[PDB]
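# Generate a structure from the sequence data that follows.
(one chain, ligands or ions: 2)
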Amino acid sequence: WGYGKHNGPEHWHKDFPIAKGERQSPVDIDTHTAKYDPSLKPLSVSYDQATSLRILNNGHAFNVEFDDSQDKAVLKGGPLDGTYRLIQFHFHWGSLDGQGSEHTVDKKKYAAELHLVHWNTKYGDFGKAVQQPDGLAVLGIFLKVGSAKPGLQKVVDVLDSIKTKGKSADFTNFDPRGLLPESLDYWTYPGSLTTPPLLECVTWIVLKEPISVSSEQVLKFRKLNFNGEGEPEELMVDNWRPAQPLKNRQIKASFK
Ligand SMILES: Cc1ccnc(S(N)(=O)=O)n1
Ligand SMILES: [Zn+2]
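Numbering: from 1, shown residues only. Ligands and ions are numbered 1, 2, ... in the order given. Have a look at this structure:
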């Protein structure tokens with residue numbers, strides 16, 4: 001599977017039939033249809049002890065991985081029951097500033113989207129968690145092109161060392177708090193992984209406020225490769241799944 005014409009999103013359902021399922025992601029967020037829930041708790045993002053380990057090009061995106069062997073970087077509150085531990089983040093982005101995000105907002109595409117992936121600690125580890133309907137919480141953050149995000153630069157600068165599929169590099173002491181916007185206002189809905197295996201295990205929490213990154217920063221994302229070392233170059237761009245049918249779901253807002 002990939003993002004090309006012959007193996008991309010419209011093909012995924014053949015190997016992964018859940019692609020046509022009842023709670024797939026991403027979705028368009030219609031901001032006028034979303035229901036304010038005065039009941040939803042504030043989101044709690046506690047990344048003060050987050051310990052990054054490694055950054056990896058997996059042929060689809062790049063992952064910054066975290067040591068999730070203790071409660072160190074956790075998400076709780078909001079729509080969530082219990083505690084979810086950060087395991088990794090990655091991005092989806094476009095070939096042009098006009099596209100790249102997976103979720104859309106009133107059909108607006110952003111230049112990219114950051115996914116901070118967390119697993120429910122009641123299931124003990126990530127592999128067991130993805131088999132559960134409430135196994136994961138993914139915090140999604142839109143990126144627009146404008147002013148630079150200083151806290152992103154350390155990620156940008158290491159991408160030259162992981163240009164091709166399979167390459168990884170040490171990436172310790174990275175603070176994901178530098179990737180967060182001011183506001184934690186959010187939309188939330190039940191959905192899925194947005195890449196194969198497309199498992200319907202995610203509580204999505206999508207922040208309303210985008211972060212700004214510079215054109216130069218996102219241009220460096222676009223220098224990555226889908227292919228491995230020594231292979232014909234295919235730029236890693238447009239690694240986003242388009243919006244899927246909302247079906248029997250309601251998107252809730254934490255704000256009015
Ligand atoms: C870890 C993982 C696998 C597949 N998809 C996702 S995503 N894009 O839904 O966050 N994350
Ligand atoms: Zn993702």
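# Close to ligand 1: what parts of this protein are there?
115, 117, 138, 193-195 (Cβ under 6 Å from any ligand atom). To be clear about C-beta, it is placed using only N, CA and C from the backbone, and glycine gets the same treatment.
# Just send these back as JSON lines, with secondary structure too.
Below are the residues of the chain next to ligand 1 laid out as JSON lines (DSSP: H, G, I helix; E, B strand; the rest coil):
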{"residue": "115", "secondary structure": "strand"}
{"residue": "117", "secondary structure": "strand"}
{"residue": "138", "secondary structure": "strand"}
{"residue": "193", "secondary structure": "coil"}
{"residue": "194", "secondary structure": "coil"}
{"residue": "195", "secondary structure": "coil"}
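# Next one: the nearest residue to residue 126 once chain neighbours are set aside from residue 129, what distance?
The shortest distance from residue 126 to any residue other than its chain neighbours is 4.6 Å, reached at residue 119 (Cβ to Cβ, 6 or more residues apart in numbering). Plainly put, residue 119 is 4 Å away from residue 129 if you go by Cβ to Cβ, to the nearest Å.
# which residues do those two both contact?
135-136 (Cβ atoms under 8 Å, 6 or more residues apart in numbering).
# I figured residue 115 hits residue 136, correct?
No - using Cβ atoms under 8 Å, residue 115 is not in contact with residue 136, being 10.3 Å away.
# So which elements touch the helix or strand where residue 86 lies?
For residue 86, the host element (DSSP states H and E) is strand 84-93. For strand 84-93, the packing partners by 3 or more Cβ pairs under 8 Å, 6 or more residues apart in numbering; DSSP states H and E come out as strand 62-66, strand 74-77, strand 112-120, strand 136-145, helix 215-221.
# partner strands of the first one, parallel or antiparallel?
This means strand 62-66. strand 52-57 (antiparallel), strand 84-93 (antiparallel) (DSSP bridges).
# Dump the ones you listed to JSON lines, plus mean neighbour count.
Output for those, formatted as JSON lines (neighbours: other Cβ atoms under 10 Å):
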{"stretch": "strand 52-57", "mean neighbour count": "20"}
{"stretch": "strand 84-93", "mean neighbour count": "24"}
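# give me the number of residues near residue 255?
For residue 255, the count of nearby residues is 14 (other Cβ atoms under 10 Å).
# so it touches residue 187, yeah?
No - at 9.0 Å, residue 255 does not count as touching residue 187 under the criterion of Cβ under 8 Å.
# what do those two both touch?
residue 208.
# Which helix or which strand is home to the most far-flung residue of the chain relative to its centre?
Distance from the C-alpha centroid of the chain, by Cα atoms, centre = their mean, peaks at residue 230 (28.7 Å). Element membership for residue 230, per DSSP H and E: none, as it lies in no helix or strand.
# In contact with it, which residues?
If you count contacts by Cβ under 8 Å, 6+ apart, residue 230 has none.
# buried ones in stretch 179-187?
Neighbour counts over stretch 179-187 (16 or more other Cβ atoms under 10 Å) mark 179-180, 184, 186-187 as buried.
# can you dump the C-alpha coordinates of it into PDB?
C-alpha atoms of stretch 179-187 as PDB (Å, rounded to 0.1, in the frame of the first residue of the first chain):
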ATOM      1  CA  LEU A 179       4.700  21.800  18.500                       C
ATOM      2  CA  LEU A 180       1.500  22.800  20.300                       C
ATOM      3  CA  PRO A 181      -0.600  25.900  19.600                       C
ATOM      4  CA  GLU A 182      -1.800  28.200  22.400                       C
ATOM      5  CA  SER A 183      -5.300  27.000  22.600                       C
ATOM      6  CA  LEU A 184      -6.400  23.400  23.400                       C
ATOM      7  CA  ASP A 185      -9.900  24.000  22.000                       C
ATOM      8  CA  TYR A 186     -10.800  20.900  20.000                       C
ATOM      9  CA  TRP A 187     -13.200  18.800  18.000                       C
END
